[PDB]
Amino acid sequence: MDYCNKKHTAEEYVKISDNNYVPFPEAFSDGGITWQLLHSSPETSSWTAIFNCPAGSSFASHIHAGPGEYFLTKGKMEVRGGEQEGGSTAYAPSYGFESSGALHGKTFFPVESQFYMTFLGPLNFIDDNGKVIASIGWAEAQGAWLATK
């Protein structure tokens, strides 16, 4: 009924160890992709993670509901079809801004790579007809991360 007093949000520190990477859900990827969830902002709805991708691996088709920013630290990544199809081809080290609405039918890694990314909102994985089969946000990502970890 009344204004809710708030306290300063706690700062966080997460050491990234090779030992903590786990298999990324097979339902949403191809190839032995592994990852780590690094942070969730339940109030903002943003989340951050890091990924290791083998040569020839990819992610299932999805649309970004909000802006996402990536930092490719190792390898090469083809987004939105790669440069050969009007999209972008990233070489490490590099950065990218993938806006709200960005369609990623098959983000592909031709070489063993690694990339860090922050997402605002969910990733809507779609079927061959463009219908949403699953809306994956911080909560769904955290559920999967802890279910495997």
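Position 1 is the first residue in the sequence shown; the rest follow in order.
According to the PDB record, 79 to 87 carries the higher mean C-alpha B-factor of the two stretches 79 to 87 and 108 to 116. Relative to its counterpart among 89 to 97 and 24 to 32, 24 to 32 has the higher mean temperature factor, C-alpha atoms as listed in the PDB entry.
Sort the modelled residues of the chain by CA B factor and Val14 lands in the middle third. In the deposited entry, the Cα temperature factor of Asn5 sits in the middle third of values across the chain's modelled residues.
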